[PDB]
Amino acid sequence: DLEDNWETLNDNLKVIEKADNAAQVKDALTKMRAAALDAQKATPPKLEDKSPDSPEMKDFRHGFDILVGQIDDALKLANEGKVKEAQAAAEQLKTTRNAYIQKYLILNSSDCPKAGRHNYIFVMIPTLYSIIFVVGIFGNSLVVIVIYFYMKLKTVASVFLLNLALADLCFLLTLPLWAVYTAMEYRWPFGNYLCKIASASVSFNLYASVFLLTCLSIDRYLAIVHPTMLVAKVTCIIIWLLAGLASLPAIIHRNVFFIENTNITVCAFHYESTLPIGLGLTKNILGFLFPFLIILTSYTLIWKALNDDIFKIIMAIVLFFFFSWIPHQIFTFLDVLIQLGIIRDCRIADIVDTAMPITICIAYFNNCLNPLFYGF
């Protein structure tokens, strides 16, 4: 935990400022020495695709030798019983802290920084996120309990729809963190752990859902074109594995970063060959093309052929879900043209950046209205 180490140091360093005697100084200094060594083992935000033996990481750890070496000589004063002398030596860690934020914790400024910053986006988006949240909680909470009661896990279709309800709940728990994020004019108070798991949870919902809907399609194809409860459950737990592993880029590259040397802290992806677009497009093929073709060719048969009740809900979930992702896939494509440097105009950037939040709501609006399709 590298953020906690800096919190431990910055908190202890303030105990030195308000100190009285050498014992109180040493007690705080001895704890700061431990956190530097614990930090020196860690990997910083910007050095993700580099080895522990890289010259970048050798420089990371050398910075924390300069830290520990400075904490040594300050301790030497506190062992001798020199408080006012030691209090000065501890202020040398402020230049190390400053040096550190500049090198690893500042996101490289775009040409169009303010693009997307509009007041209505910071009131519209959170209140949308709030509605999607609480409706979706009571919505998908009702669906799981009626599956235990009424359906009682009778069908093979029933189990995939129970899983989809749970996958929607896992997503919804996190939303409050993005609601306020956007309400705070894009700044993230919740730290670096939650930056990752809350970003891994929305990628999850995309992979989980589409794999679950692929199974609902393949199920309804097999169930009434060529008329396995154990195998369905074996699939569902394997879907969670692949959706977790597909969301593993959210855990690796997401970090809380400052911007342009300011107070406000953003929870952004680090991109850093240009294979991040080359393999940033393999999510679209495996997300869209692999399921979409299988799911179209699944239903185009059984719709034309045709049991009926469960087909009506799955069709409505499937058609909406994919129609919802068209608006966003258009603008996230456009955003990749902006990131690459293909398109310059900041007025165009502004349009894409302001559109993005809205298109994201639409893509994840299904998590609260999927329960409404069960009603029917």
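A residue's number is simply how far along the shown sequence it sits, counting from 1.
Looking at the deposited sequence, how many residues between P227 and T228 were given no coordinates in the entry: none, 1 to 3, 4 to 9, or 10 or more?
Unresolved stretch here: 4 to 9 residues.
Per the entry, how many residues of the deposited chain go unmodelled between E272 and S273: none, 1 to 3, 4 to 9, or 10 or more?
The entry leaves 1 to 3 residues without coordinates here.
Mean Cα B-factor comparison, 353 to 361 or 16 to 24, giving the higher one as deposited:
Stretch with the higher mean C-alpha B-factor: 16 to 24.
Please compare 294 to 302 with 181 to 189 and say which has the higher mean C-alpha temperature factor in the record.
Looking at the recorded C-alpha B-factors, 294 to 302 comes out higher on average.
For the listed residues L29, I66, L319, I348, which one has the largest C-alpha B-factor as given in the deposited model?
Checking the PDB record, the top C-alpha B-factor among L29, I66, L319, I348 is at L29.
Among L242, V144, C170, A198, where is the Cα temperature factor highest, going by the PDB entry?
Of the candidates given, the C-alpha B-factor peaks at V144.
Check where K114 lands among this chain's C-alpha B-factors and tell me if it's the lowest, middle or highest third.
It belongs to the lowest third of the chain when residues are ordered by C-alpha B-factor.
Ranking the modelled residues of this chain by C-alpha B-factor as given in the entry, is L334 in the lowest, middle or highest third?
Tercile = middle for this residue's CA B-factor.
Thinking about Cα B factors across the chain, which third does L340 belong to?
It belongs to the highest third of the chain when residues are ordered by C-alpha B-factor.
Which third, lowest, middle or highest, does the CA B-factor of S203 fall in along this chain?
CA B-factor rank for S203: lowest third.
Ranking the modelled residues of this chain by C-alpha B-factor as given in the entry, is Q70 in the lowest, middle or highest third?
Middle third by C-alpha B-factor.
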